[PDB]
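Novice: I would like the atomic coordinates for the input below:
(one chain, ligands or ions: 1)
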Amino acid sequence: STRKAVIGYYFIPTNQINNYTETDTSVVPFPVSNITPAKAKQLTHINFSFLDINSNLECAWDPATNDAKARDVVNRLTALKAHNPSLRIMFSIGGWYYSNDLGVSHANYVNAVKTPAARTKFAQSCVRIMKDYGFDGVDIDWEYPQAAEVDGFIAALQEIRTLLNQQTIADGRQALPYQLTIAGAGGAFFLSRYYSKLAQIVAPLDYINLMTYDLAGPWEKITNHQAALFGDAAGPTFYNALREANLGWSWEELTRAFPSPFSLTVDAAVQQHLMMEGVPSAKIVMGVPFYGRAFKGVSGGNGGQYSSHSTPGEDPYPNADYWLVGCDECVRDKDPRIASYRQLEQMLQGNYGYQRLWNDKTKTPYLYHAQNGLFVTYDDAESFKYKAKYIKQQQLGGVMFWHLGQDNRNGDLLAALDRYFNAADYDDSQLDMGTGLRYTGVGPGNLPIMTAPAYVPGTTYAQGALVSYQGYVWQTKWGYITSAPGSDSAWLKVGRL
Ligand SMILES: CNC(=O)NC(=N)NCCC[C@H](NC(=O)C[N-][N+]#N)C(=O)N(Cc1ccccc1)Cc1ccccc1
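Specialist: Residues are numbered from 1 along each chain as shown. Have a look at this structure:
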């Protein structure tokens with residue numbers, strides 16, 4: 001029954017708002033009018049981005065924003081709701097530029113959530129902005145609160161939730177209640193900052209939208225897929241930072257939940273969330289990229305995968321060599337390292353020297369330019385079949401993507417996602433999910449159903465013996481054990497009845 005969420009970011013920089021126009025793509029490449037009624041029907045949420053937190057510790061527009069122009073842009077988005085009574089226009093606070101550890105507004109994020117009074121003032125500003133501009137909910141994209149700030153962040157979400165609920169009552173919006181989401185880490189290293197308190201983070205949210213992309217980039221030594229669904233044993237692996245989180249678990253519990261090293265994949269991030277007690281699968285949304293990440297200086301042999309590379313990691317892109325052959329948008333944006341799916345289609349179609357290759361373990365496409373040594377990791381309508389099937393099988397809440405302007409003109413990526421979830425005639429029952437590496441971790445939140453003989457008092461159990469007892473299946477960690485399962489540290493809870 002329940003419709004999967006389809007959450008698309010609409011990003012527009014301040015300069016484009018201030019010069020907003022729907023008839024000049026060299027000024028605004030992707031105006032609201034490109035979101036046609038058909039696209040609007042295929043979305044459940046549009047996340048308008050980005051607002052910020054100012055030094056007054058309130059949610060605010062960038063202060064250079066022309067306010068009349070901003071209201072006009074937002075009004076155009078909310079007018080889309082005429083075509084889809086399920087559709088919400090959220091607004092997002094944060095993003096990497098504003099909120100990263102070294103970002104321009106970082107201290108405002110830290111300070112806004114720091115004390116009860118600050119949280120109240122911040123929470124109020126969020127709901128006030130929401131009402132003033134006509135938004136339908138609040139998305140927080142702070143990348144990322146550090147373990148010490150996590151309790152404040154949690155209390156801030158709780159308080160926003162209460163104020164949103166009041167507003168839903170005041171406006172009689174029970175048919176479309178005001179919502180709260182966050183953009184969550186999609187890889188273990190950032191996730192470990194708040195992982196131990198994941199259940200408290202998710203409780204106040206309608207959805208946690210996993211940034212399950214940007215898992216490879218120029219900061220890594222070796223090229224890799226940025227959003228592999230499953231792992232490739234030929235690919236790099238990473239230290240599992242979650243095993244060092246402050247969980248209070250035992251060695252066996254830690255080891256069973258957090259294999260290490262592990263493959264940095266979409267399935268890993270999803271499973272890591274599901275392992276936590278009190279994190280329901282319906283609130284987890286899988287992010288996907290509508291862009292590819294490009295690398296230069298790559299060697300041959302494996303289509304450019306898992307190769308050293310000479311891609312600058314600095315920001316801004318440090319020179320004017322725009323080496324991603326055929327990428328016109330790269331020239332416009334002065335950066336050959338990111339290419340929209342829209343542009344990648346054109347690069348494939350023109351005489352630019354790319355081959356489209358497919359990794360059947362990761363279930364993702366990549367471009368390889370044999371002559372110049374280039375590699376591009378991206379997603380398309382094919383990789384989205386496997387991802388949508390995974391979303392259905394794991395009973396996730398839906399899909400999120402960055403960003404709407406990166407789909408092709410016909411919006412084929414959005415239309416594919418919508419089709420995989422909702423088309424009566426689409427059938428993926430035979431879609432083969434392949435033999436790529438699954439994240440095998442098990443934690444208190446995802447115990448498999450098991451059976452085993454009932455525990456018998458007085459029996460001496462050898463190491464590895466399985467019994468059932470009080471709702472669960474238990475395994476001895478050593479032998480010989482005679483204690484009742486769960487009464488001391490000799491038994492590992494491994495499954496549920
Ligand atoms: C909804 N929120 C998000 O999707 N957030 C998000 N992806 N955060 C990760 C940000 C890292 C940043 N990513 C991109 O630029 C992806 N863009 N697209 N499409 C990133 O790669 N870098 C940090 C950065 C980005 C922009 C401005 C300053 C810093 C490093 C980088 C390396 C190579 C090219 C571009 C950026």
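Novice: Tell me who's in contact with the nearest residue to residue 437 once chain neighbours are set aside.
Specialist: Nearest non-adjacent residue to residue 437, counting by Cβ to Cβ, 6 or more residues apart in numbering: residue 231, 3.2 Å away. C-beta: built from backbone N, CA, C; applies to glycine. For residue 231, the contact set (Cβ atoms under 8 Å, 6 or more residues apart in numbering) comprises 237, 262, 263, 265, 267, 268, 361, 362, 436, 437, 438, 439.
Novice: try it again with 10 Å
Specialist: 225, 237, 262-265, 267-268, 361-362, 436-439 (Cβ atoms under 10 Å, 6 or more residues apart in numbering).
Novice: Just the buried residues of these.
Specialist: Buried by 16 or more other Cβ atoms under 10 Å: 225, 262, 263, 264, 265, 267, 268, 361, 362, 436, 437, 439, out of the contacts of residue 231.
Novice: Just name the closest of those residues to residue 111, please.
Specialist: When the buried ones among the contacts of residue 231 are compared for distance to residue 111 (Cβ to Cβ), residue 264 wins out at 32.3 Å.
Novice: Distance check, the closest one against residue 324.
Specialist: 24 Å (Cβ to Cβ, to the nearest Å).
Novice: Now for the residue in the stretch 351-497 of the chain positioned nearest to the ligand, how many residues are close by?
Specialist: With Cβ to the nearest ligand atom, the shortest gap between the stretch 351-497 of the chain and the ligand falls at residue 402, namely 4.1 Å. Counted by other Cβ atoms under 10 Å, the residues lying close to residue 402 total 25.
Novice: now do residue 203
Specialist: 15.
Novice: quick one: the nearest residue to it once chain neighbours are set aside from the ligand, how far?
Specialist: Nearest residue to residue 203 in three dimensions, chain neighbours excluded: residue 278, at 7.2 Å (Cβ to Cβ, 6+ apart). For residue 278, the distance to the ligand (Cβ to the nearest ligand atom, to the nearest Å) stands at 24 Å.
Novice: Isn't residue 278 up against residue 202?
Specialist: Yes. Using Cβ atoms under 10 Å, residue 278 makes contact with residue 202 at a distance of 7.5 Å.
Novice: Between those two, which has more neighbouring residues?
Specialist: Taking other Cβ under 10 Å, residue 278 and residue 202 do not tie; residue 202 has more neighbours (21 against 11).
Novice: Show the contacting residues for the more buried one.
Specialist: Residue 202 touches 157, 182, 184, 208, 273, 276, 278, 279, 280, 283, 284, counting by Cβ under 10 Å, 6+ apart.
Novice: Is there a quick PyMOL command that grabs whichever of the residues you listed are buried?
Specialist: Typed into PyMOL, the next command selects the buried ones out of the contacts of residue 202 (criterion: 16+ other Cβ under 10 Å):
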select buried, resi 157+182+184+208+273+276+279+283+284
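Novice: what's the following helix or strand after the longest helix along the chain?
Specialist: What stands out as the longest helix in the chain, according to DSSP state H, is helix 150-170. Downstream of helix 150-170, the first helix or strand assigned by DSSP states H and E is strand 179-185.
Novice: what distance separates stretch 71-84 from the centre of its chain?
Specialist: 25 Å (Cα atoms, centre = their mean, to the nearest Å).
Novice: what comes into contact with it?
Specialist: Against stretch 71-84 from outside (Cβ under 10 Å, 6+ apart): 10, 12, 16-17, 20, 22, 28, 31-33, 35-44, 46, 48, 65-66, 87-89, 91, 132-136, 176.
Novice: Where strands are concerned, which of the residues you listed count?
Specialist: 10, 46, 48, 88, 89, 91 (DSSP state E).
Novice: biggest separation within the residues you listed, which pair?
Specialist: Put simply, by Cβ to Cβ the two of these set farthest apart are 10 and 88, 12.1 Å from each other.
Novice: which residues are common contacts for these two?
Specialist: 43, 46, 47.
Novice: Contact partners for the last one?
Specialist: If I follow you right, that is residue 47. So residue 47 contacts 7-11, 88-92, 135, 137, 139, 141, 181, 183, 209, 400-404 (Cβ under 10 Å, 6+ apart).
Novice: quick one on the thing from earlier: cross the contacts of stretch 71-84 against helices and list the overlap.
Specialist: Using DSSP H, the contacts of stretch 71-84 in helices are 16, 17, 37, 38, 39, 40, 41, 42, 132, 133.
Novice: Just the closest of those residues to residue 495, please.
Specialist: The closest of those, once distances to residue 495 are taken by Cβ to Cβ, is residue 42, at 39.8 Å.
Novice: and the ligand, which of the contacts of residue 231 reach it?
Specialist: Among those, proximity to the ligand is found for none (Cβ under 6 Å from any ligand atom).
Novice: picking up where we left off before, how big is the angle separating the longest helix of the chain from strand 179-185?
Specialist: 150 degrees (axes from the mean of the first three to the mean of the last three Cα atoms, to 10 degrees).
Novice: Show the secondary-structure elements that helix 150-170 is packed against.
Specialist: For helix 150-170, the packing partners by 3 or more Cβ pairs under 10 Å, 6 or more residues apart in numbering; DSSP states H and E come out as helix 106-112, helix 116-133, strand 137-141, strand 179-185, helix 198-202.
Novice: Rebuild these as TSV, extending it with distance to the ligand.
Specialist: Below are the helices and strands packed on helix 150-170 laid out as TSV (distance: least, Cβ to the nearest ligand atom, whole Å):
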stretch	distance to the ligand
helix 106-112	13
helix 116-133	17
strand 137-141	5
strand 179-185	4
helix 198-202	16
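Novice: Could I get the contacting residues of the closest residue to residue 449 other than its chain neighbours?
Specialist: For residue 449, ignoring the flanking residues on the chain, the nearest one in space by Cβ to Cβ, 6+ apart is residue 496 at 6.0 Å. When contacts are counted by Cβ under 10 Å, 6+ apart, residue 496 touches 446, 447, 448, 449, 450, 468, 471, 472, 473.
Novice: so residue 55 makes contact with residue 106?
Specialist: No. The pair residue 55 / residue 106 is not scored as a contact, 11.4 Å apart, by Cβ under 10 Å.
Novice: Neighbour count: these two, which is higher?
Specialist: Per other Cβ under 10 Å, whichever of residue 55 and residue 106 has more neighbours is residue 106, with 17 against 10.
Novice: now the helices for the stretch 201-350 of the chain?
Specialist: 251-257, 266-274, 328-332, 341-349 (DSSP state H, counting those that start in this stretch).
Novice: centre of the chain versus the first one, how much separation?
Specialist: For helix 251-257, the distance from its own C-alpha centre to the chain's C-alpha centre is 25 Å (Cα atoms, centre = their mean).
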